[PDB]
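Have a look at the structure below, then the notes.
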Amino acid sequence: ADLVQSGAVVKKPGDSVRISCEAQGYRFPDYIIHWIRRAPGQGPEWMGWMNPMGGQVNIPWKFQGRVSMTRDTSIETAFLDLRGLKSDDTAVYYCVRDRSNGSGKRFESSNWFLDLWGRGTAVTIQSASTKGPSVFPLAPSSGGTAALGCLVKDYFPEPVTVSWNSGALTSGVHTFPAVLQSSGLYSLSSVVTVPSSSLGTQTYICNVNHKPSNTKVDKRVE
Amino acid sequence: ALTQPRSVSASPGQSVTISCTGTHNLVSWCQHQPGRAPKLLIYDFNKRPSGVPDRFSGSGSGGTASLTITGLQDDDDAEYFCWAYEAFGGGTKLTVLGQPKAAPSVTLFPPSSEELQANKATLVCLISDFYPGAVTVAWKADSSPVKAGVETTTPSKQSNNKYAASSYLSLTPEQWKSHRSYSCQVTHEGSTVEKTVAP
Amino acid sequence: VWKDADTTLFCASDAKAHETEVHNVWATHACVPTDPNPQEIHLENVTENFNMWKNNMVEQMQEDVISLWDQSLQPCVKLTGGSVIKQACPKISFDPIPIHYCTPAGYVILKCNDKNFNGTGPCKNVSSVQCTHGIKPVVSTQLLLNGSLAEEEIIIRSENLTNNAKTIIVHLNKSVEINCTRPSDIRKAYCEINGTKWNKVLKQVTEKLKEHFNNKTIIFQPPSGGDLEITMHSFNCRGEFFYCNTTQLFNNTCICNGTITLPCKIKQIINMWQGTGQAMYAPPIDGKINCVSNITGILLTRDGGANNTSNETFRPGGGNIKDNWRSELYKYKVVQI
Ligand SMILES: *[C@@H]1O[C@H](CO)[C@@H](O)[C@H](O)[C@H]1NC(C)=O
Ligand SMILES: *[C@@H]1O[C@H](CO)[C@@H](O)[C@H](O)[C@H]1NC(C)=O
Ligand SMILES: *[C@@H]1O[C@H](CO)[C@@H](O)[C@H](O)[C@H]1NC(C)=O
Ligand SMILES: *[C@@H]1O[C@H](CO)[C@@H](O)[C@H](O)[C@H]1NC(C)=O
Ligand SMILES: *[C@@H]1O[C@H](CO)[C@@H](O)[C@H](O)[C@H]1NC(C)=O
Ligand SMILES: *[C@@H]1O[C@H](CO)[C@@H](O)[C@H](O)[C@H]1NC(C)=O
Ligand SMILES: *[C@@H]1O[C@H](CO)[C@@H](O)[C@H](O)[C@H]1NC(C)=O
Ligand SMILES: *[C@@H]1O[C@H](CO)[C@@H](O)[C@H](O)[C@H]1NC(C)=O
Ligand SMILES: *[C@@H]1O[C@H](CO)[C@@H](O)[C@H](O)[C@H]1NC(C)=O
Ligand SMILES: *[C@@H]1O[C@H](CO)[C@@H](O)[C@H](O)[C@H]1NC(C)=O
């Protein structure tokens, strides 16, 4: 008894996506099915429920017209359809089985009874292209504390490989996870803690390398 | 729609309480292990299904609902969610502390001369070595706040079981030197730690 | 003294052993003659707790009407998940007859008579009966037809009204004729309603719905998705299957002042309401196919979300036909002596 979801996918702005949910181990025709949304950096968002007996749907305004919850009781699979994707639609979607509602012996729950959960399907809206990085120096400023680094602006996709001074500086280096910004682009930062007394006696260089973009950079920091 | 704090934490044997604030309807709870299919824990405030232990329990009245897990184990480390019909809680990361607490080491950089040569300003603010990984970043113009232009991150685990994150404030050249100061505050378990950069 | 209990009931009817009309054939061999001298009993100064949304009489009526339709209707072809049998598909006579539901020995039915009972609360003047009243087993969608009317006020029934996944039933004070007719291409028909009547009734239903949803404004909308039997008002008139577009009945702009006519169609292939599969029928009979029915119930589903908005929308159609039985069975409750 579980809900098998289809695999993750990428899409372009506009566009439209279809996702399955093959029910296993129970009577698919009974108990409705809710579709819920988890977008990066936000709390779960319900999208509607679908009664798999007749196919009736209940969908809040936010998604009228743009979504359709369907099914095919012949192979006990629900379906979610989203048209005209933008950035705020990039998310992981689950099909989930209510069991306090529909035909059949319901569970007895005054609230909604979200018994069975799918594993999720990720859709990513890549309003990107490819491009490379534009790297700029993070300069130190103002006991022996001294931090510097290497900013890597607007690239796509992962990964980039950063190696300070061609593999001479490795201690105290901290490369942070890259951000997928508004644009659906990548950008990251790499810092290092150094001796304050070492500024002036030896200078250091970014080594940003975006291989799928074919990009090999060096950027010196003072 | 329903509030719910972001972080809980305890150590293999005590007891914790996550709560959901919102409005006076009944709430059920759900556990979500990393990438797995979520699991119903307790429904209609206090009621508990079968296949789930007596340690998980809950209640609710007055506007907020409580979900308690006693005698914790090293498999309860997951996200927890609550719902009242189609009102949903934001989630609460439950961390089972294997190591001790750590406060954030926060570093705030300015936009380089080269950045402004090409007409883009980005304040970087990196957060280091904190545990658990539940951060709240905030940028503020001189004294007042900002909400637009901020692009934060989910905390990741470093090479030694603590956490890191970044935060970028993208801005226009004029609104970089528009005024006096700019700062990336980091709220961690109760208190903030605030850096500051100026033109 | 009595306690709540659940047991197998039986049915009673006035069916004819010689009739070929299909409900009479089912009812002579599945039911007994109606009680020759029935009489009810007042339960002075006693209160009971009815709950029309957990009543086993409803499940039993569901299984009964399923059996009746399973033996009764003769499609040319029936397809049910891979299997598909083909049988002779003659025309049939068809007109629902009232059915009563009798208790066996050692049980008895209790009757809520609180004029404005909502199906779930406690009850003031409780009665004791042997059987129910004559309940007509007419499957239909969106509209409830040929049933009984509310005594005093229009009444609004649900499990909770703040749950949107749970159906809402509205019981009218005043029936509204829907006069459906296929005149003497061969499938196009039309249902007619006195528009003034129906629109006055719908304004009254809006006023009640605003009563229970914090004076908030409410609006009607066509069903959103799914198969034809939900999206349109579907029913069976003398063996033919009518599907009527009901959008002109839920016309908010005209809370029209004459005759509404719904474009209906007779359909060859249908999906069986027993969830079973789909079935194929024979082309319709000749002549004037008439069906004057009373509209005496509506079923709505409220659009989820929009707890932010200052209005609530309602669409016709509520789940599966089991709840139709609730529409009439709400006021009964079998107990054990
Ligand atoms: C039904 O009536 C009872 C009181 O008799 C009340 O508590 C309950 O809210 C009512 N239900 C509905 C759906 O109105
Ligand atoms: C209780 O039901 C009876 C049905 O015979 C009805 O006549 C009577 O008026 C009801 N009681 C009250 C107080 O209305
Ligand atoms: C239709 O409603 C009228 C009330 O005006 C009633 O007299 C008649 O018996 C009803 N017919 C039915 C339910 O078939
Ligand atoms: C219908 O109910 C309303 C209010 O519930 C009432 O004003 C009206 O008189 C009722 N209709 C009849 C025919 O009694
Ligand atoms: C019903 O409609 C038919 C045809 O439209 C008409 O001949 C008949 O008089 C109508 N009957 C009633 C009771 O309205
Ligand atoms: C429709 O019903 C109204 C009742 O308000 C009455 O005038 C008559 O029965 C019908 N009128 C017309 C014009 O059909
Ligand atoms: C609507 O709410 C107001 C209070 O703001 C009240 O005057 C009125 O009674 C309410 N509506 C009805 C139909 O009672
Ligand atoms: C009913 O009519 C209106 C307008 O044509 C609309 O709701 C819909 O197109 C129709 N219903 C159908 C085709 O099921
Ligand atoms: C609603 O009623 C009137 C008909 O007189 C008009 O505003 C409109 O065309 C109707 N809408 C329909 C039938 O969809
Ligand atoms: C409703 O009742 C009338 C009168 O008894 C009958 O002719 C008609 O067939 C019934 N309608 C349905 C859908 O059963």
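Protein chains in written order, with our numbering: chain A, 1025 to 1246; chain B, 48 to 246; chain C, 12 to 348.
We treat Cβ as the ideally placed atom computed from N, Cα and C, and that holds for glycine.
Using only Cβ atoms and a threshold of 6 Å, which residues come within that distance of a heavy atom of ligand 1? Order them by chain position.
C:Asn129, C:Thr131, C:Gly132, C:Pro133, C:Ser169 and C:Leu172
Round the Cβ separation of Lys1243 (chain A) and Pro1161 (chain A) to the nearest angstrom and send it over; I've been treating them as touching at under 8 Å.
What you label residue 1243 (chain A) is simply residue 219 of the first sequence in a count that begins at 1. What you label residue 1161 (chain A) is simply residue 137 of the first sequence in a count that begins at 1. With 8 Å as the limit, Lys1243 (chain A) and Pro1161 (chain A) qualify as a contact, their Cβ atoms being about 6 Å apart.
Outcome for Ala16 (chain C) when other beta-carbon atoms lying within 10 angstroms are tallied against a minimum of 16
If you number the third sequence from 1, residue 16 (chain C) lands on position 5. With fewer than 16 Cβ atoms within 10 Å of its Cβ, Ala16 (chain C) is classed as exposed.
Any heavy atom of ligand 10 closer than 8 Å to the CB of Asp25 (chain C)?
Sequence index remark: in the third sequence, residue 25 (chain C) carries index 14 (1-based). No, the beta carbon of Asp25 (chain C) sits no closer than 8 Å to any heavy atom of ligand 10.
Ignoring anything shorter than 3 residues, give me the beta strand (DSSP E) runs that lie fully in the region 1072-1144 of chain A, in order along the chain.
1091-1096, 1101-1109, 1115-1122 and 1138-1141
In its own chain, which residues sit with a C-beta less than 6 Å from the C-beta of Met72 (chain C), not counting the 5 before and 5 after it?
Numbered from 1 along the third sequence, position 61 holds the residue referred to as residue 72 (chain C). Excluding positions up to five away in sequence, the list reads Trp336.
For the alpha helix (DSSP H) containing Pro220 (chain B), list its first residue and its last residue.
For the purposes of this step, residue 220 (chain B) is taken as residue 173 along the second sequence, with counting starting at 1. Where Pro220 (chain B) is concerned, the enclosing alpha helix (DSSP H) stretches over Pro220 to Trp223.
So for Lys187 (chain B), helix, strand or coil by DSSP?
Taking the first residue of the second sequence as position 1, residue 187 (chain B) is located at position 140. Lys187 (chain B) falls in the strand class under three-state DSSP.
Below 8 Å, is the gap between the Cβ of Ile180 (chain C) and the nearest heavy atom of ligand 4?
Against the third sequence, residue 180 (chain C) aligns to sequence position 169. Not under cutoff, so the answer is no.
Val303 (chain C): beta carbon under 8 Å from a heavy atom of ligand 5?
The count along the third sequence starts at 1 and reaches residue 303 (chain C) at position 292. Yes, the beta carbon of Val303 (chain C) sits closer than 8 Å to at least one heavy atom of ligand 5.
In whole angstroms, give me the CA-to-CA distance for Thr242 (chain C) and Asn331 (chain C).
Residue numbering aside, residue 242 (chain C) sits at position 231 when the third sequence is read from its first letter. Residue numbering aside, residue 331 (chain C) sits at position 320 when the third sequence is read from its first letter. When rounded, the distance between both Cα atoms is 13 Å.
Check the Cβ of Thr173 (chain C) against every Cβ in chain B and list those closer than 8 Å, keeping chain order.
Along the third sequence, one-based indexing puts residue 173 (chain C) at 162. What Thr173 (chain C) touches in chain B: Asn72 and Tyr132.
Skipping 5 residues on each side, what residues in its chain have a beta carbon closer than 7 Å to that of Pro234 (chain C)?
Working through the third sequence from its first residue, we reach residue 234 (chain C) at position 223. These residues qualify, in order along the chain: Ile241, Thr242, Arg326, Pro327 and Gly328.
If distances are taken between C-alpha atoms only, which option among B:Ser214, B:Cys77, B:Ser56 and B:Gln205 comes closest to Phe1137 (chain A)?
In the first sequence, the residue the question calls residue 1137 (chain A) occupies position 113. When each option's Cα is compared against that of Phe1137 (chain A), the closest is B:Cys77.
Within 8 Å, do at least three Cβ pairs link the region 1027-1039 of chain A to the region 1100-1109 of chain A?
yes
Confirm the yes/no value for this check: CB of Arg1042 (chain A), any heavy atom of ligand 10, distance under 8 Å.
Translated into positions along the first sequence, residue 1042 (chain A) becomes position 18. No, since every heavy atom of ligand 10 falls outside the 8 Å radius drawn around the Cβ of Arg1042 (chain A).
Should the region 117-126 of chain B be called in touch with the region 59-67 of chain B, which here means at least 3 C-beta pairs below 8 Å?
yes
Interface flag, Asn1082 (chain A) vs chain C, CB-CB below 9 Å:
Walking along the first sequence from the start, residue 1082 (chain A) turns up at place 58. Chain C contact via Cβ: present.
Which residues of chain A have a Cβ atom closer than 8 Å to the Cβ of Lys342 (chain C), listed in chain order?
Along the third sequence, read from residue 1 onward, the residue named residue 342 (chain C) stands at position 331. Under the 8 Å cutoff, chain A gives no residues; its nearest Cβ is about 22 Å from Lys342 (chain C).
Rank A:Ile1060, A:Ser1098, A:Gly1128 and A:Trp1188 by C-alpha distance to the C-alpha of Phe135 (chain B) and give the top, closest one.
Counting from 1 along the second sequence, the entry for residue 135 (chain B) is found at position 88. If we check each option's Cα against that of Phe135 (chain B), A:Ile1060 comes out closest.
Beta-carbon contacts of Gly180 (chain B) that lie in its chain and below 7 Å, excluding the five residues immediately before and after:
For the purposes of this step, residue 180 (chain B) is taken as the residue at position 133 of the second sequence. Within the same chain, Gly180 (chain B) has close Cβ partners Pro202 and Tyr210.
What does the alpha-carbon distance come out to for the pair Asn184 (chain C) and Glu30 (chain C)?
Your numbering for residue 184 (chain C) matches position 173 in the third sequence. Your numbering for residue 30 (chain C) matches position 19 in the third sequence. Each residue's alpha carbon lies about 34 Å from the other.
Take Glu236 (chain B) as the anchor and find which of B:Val55, B:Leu173 and B:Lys194 has the nearest alpha-carbon.
Along the second sequence, one-based indexing puts residue 236 (chain B) at 189. Comparing Cα-Cα distances from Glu236 (chain B) to each of B:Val55, B:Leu173 and B:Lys194, the minimum goes to B:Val55.
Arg1042 (chain A) - DSSP class collapsed to helix/strand/coil:
As a first step, residue 1042 (chain A) must be located in the first sequence, where it is residue number 18. In this structure, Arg1042 (chain A) counts as strand in the three-state DSSP scheme.
May I have the straight-line CA-CA distance separating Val95 (chain C) from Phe1131 (chain A), to the nearest angstrom?
Counted from its first residue, the third sequence places residue 95 (chain C) at position 84. Counted from its first residue, the first sequence places residue 1131 (chain A) at position 107. Straight-line Cα distance between these residues: approximately 33 Å.
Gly316 (chain C) versus chain B: which residues are under 9 Å apart at the beta carbon?
Looking up residue 316 (chain C) in the third sequence gives position 305. Here the neighbours are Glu133.
Using only the heavy atoms of ligand 4, determine whether one of them is closer than 8 Å to the beta carbon of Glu163 (chain C).
Residue 163 (chain C) sits at position 152 when you count from the first residue of the third sequence. Yes; taking the cut-off as 8 Å, the Cβ of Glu163 (chain C) has a heavy atom of ligand 4 nearer than that.
Please state if the CB of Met1074 (chain A) and the CB of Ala1115 (chain A) are separated by a distance shorter than 9 Å.
Here residue 1115 (chain A) is taken as the residue at index 91 of the first sequence, counted from 1. Here residue 1074 (chain A) is taken as the residue at index 50 of the first sequence, counted from 1. No, the pair does not count as a contact, with Cβ atoms beyond the cut-off.
For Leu141 (chain B), the first and last residue of its enclosing beta strand (DSSP E):
Position 94 of the second sequence, counted from the first residue, corresponds to residue 141 (chain B). Element bounds for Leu141 (chain B): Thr139 to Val143.
Along chain A, in chain order, which residues have C-beta atoms closer than 8 Å to that of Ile241 (chain C)?
Position 230 of the third sequence, counting from 1, holds the residue named residue 241 (chain C). Within chain A, the residues near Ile241 (chain C) are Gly1078, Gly1079 and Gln1080.
Please identify, using Cβ separations under 9 Å, the residues of the region 166-185 of chain B that lie next to chain A, in order along the chain.
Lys167, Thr169, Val171, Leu173, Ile174 and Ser175
Chain-ordered chain C contacts of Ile1056 (chain A) [CB-CB under 7 Å]
On the first sequence, position 32 is the one that residue 1056 (chain A) refers to. Those are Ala176, listed as they occur along chain C.
Closest Cβ-Cβ distance between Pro194 (chain C) and chain F: below 9 Å?
The displayed structure is made up of protein chains A, B and C, and chain F is not among them.
The region 285-305 of chain C touching the region 86-104 of chain C, judged by at least three CB pairs closer than 8 Å
yes
How long is the line joining the alpha carbons of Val240 (chain B) and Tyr229 (chain B), rounded to whole angstroms?
By one-based count along the second sequence, residue 240 (chain B) stands at place 193. By one-based count along the second sequence, residue 229 (chain B) stands at place 182. Those two C-alpha atoms are separated by around 14 Å.
Taking only three categories from DSSP, how would you classify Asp125 (chain C)?
Position 114 of the third sequence, counted from the first residue, corresponds to residue 125 (chain C). Reduced to three states, the DSSP call for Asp125 (chain C) is coil.
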